[PDB]
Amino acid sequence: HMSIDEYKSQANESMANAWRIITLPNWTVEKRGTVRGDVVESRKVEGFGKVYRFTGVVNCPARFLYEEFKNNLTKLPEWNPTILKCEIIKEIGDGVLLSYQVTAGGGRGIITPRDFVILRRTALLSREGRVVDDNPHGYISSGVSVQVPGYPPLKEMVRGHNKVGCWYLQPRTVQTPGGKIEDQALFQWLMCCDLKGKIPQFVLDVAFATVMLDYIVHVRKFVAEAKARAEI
């Protein structure tokens, strides 16, 4: 039964944790994607255990992806087949909200369908991770699992635990092979899921990398559709 100070405090702490972790040095390569520079990396973080990070380029402005992810969270099932449901429980100000989601199982059948109760904070950040009003170095949306009365674990579904995650977007402007000057986004996603298995870290690591690579396909299709329809 948390107060709004307590929710905001946890969201702020979670956002700072995800920003701190996503910008750590010295990651290990788990798996590379099809497209040059797409990668899933891991490392050990004290307090959290093994964290995964995706890094790839998305051919749209960082703002466009920020606004979609931030404002259009309930529409995630519409272009992402892995999200079966997305409901906003409560928006509590300063970019903080509570959400409910049901995720599909991984393509390996290692990660089963599960549901989530997530506390989020979306913000514009500076390069040293301070919240700014404009001219962002990067855009963040952090997630941590919490308990909300009215959203108990279902007997029919595993209640997943997000210990820390985020997606993080950094604007780029590139020169195409044609010589056009075009905005692109460096896209990073942090994942650190408290899985109830005794599954080898061996197999967890492949299953997690696969999920991460599988997601970026759907992000790119969403972007390419959006460019076909002249929206960017």
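Quick note: we count residues from 1 along the sequence shown, nothing fancier.
Averaged over Cα atoms, the B-factor as recorded in the entry is higher for 62-70 than for the other of 180-188 and 62-70. Averaged over CA atoms, B-factors in the entry run higher in 221-229 than in the other of 221-229 and 3-11. Of the residues listed, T55, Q170, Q201, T173, the entry assigns the biggest Cα temperature factor to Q201.
Within the listed group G138, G107, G160, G93, the record reports its top CA B-factor for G107.
For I22, the recorded CA B-factor ranks within the lowest third of the chain. Only modelled residues enter the ranking. When all modelled residues of the chain are sorted by CA temperature factor, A16 is found within the lowest third. The entry lists a Cα temperature factor for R130 that places it in the middle third of the chain's modelled residues. Placement of the Cα temperature factor of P152 within the chain: middle third of the modelled residues, per the deposited record.
Compared with the other modelled residues of the chain, the Cα B-factor recorded for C166 ranks in the lowest third.
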